[PDB]
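Let me begin by presenting the structure, written as structure tokens, before commenting on it.
Residue numbers (PDB author numbering): 143 to 266.
Structure follows, in structure tokens:
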């Protein structure tokens, strides 16, 4: 439940199955599996797998999908905008990292200035 390190986030945006910017729509807990399901409204879709995220008809420019997280993380999900990264197995997305988006932007700009980011992304 510790946040990903900055190093982990920089690698994740290059190698993770999905990378999206967005916000939480709803949270449902699944105690039997000790996970929470986090429904996400995505406004920038950088990469994904297995069509986890699909267009929201009414809400132009946005996608909707859901990801799983350890229940310890889903009970204090937080507020605001995030960069979500993670992995897709058997059609189900599981969250890897979720820095606050404004924190991510600051970290990434510094990494880019240093030249240490292994890959480039532009989430606006």
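Cβ atoms here follow ideal geometry from the backbone N, Cα and C, with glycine treated the same way.
Check, Outcome
"Count the other C-beta atoms from every protein chain shown that fall within 10 angstroms of the C-beta of residue 172, then say buried if there are 16 or more, exposed otherwise.", "exposed"
"For the stretch 166-214, list the beta strand (DSSP E) runs that are entirely contained and at least 3 residues long, ordered along the chain.", "177-189 and 205-212"
"Would you identify the three-state DSSP class for residue 223, choosing helix, strand or coil?", "strand"
"What would DSSP say about residue 242, mapped onto helix, strand or coil?", "strand"
"Report the option in 184, 166 and 238 whose CA atom is closest to the CA atom of residue 151.", "238"
"I'd like the list of long-range same chain contacts for residue 249, defined as Cβ closer than 6 Å, with 5 residues on each side in sequence excluded.", "148"
"Exposed or buried, which one is residue 176 when buried takes at least 16 other CB atoms within 10 Å?", "exposed"
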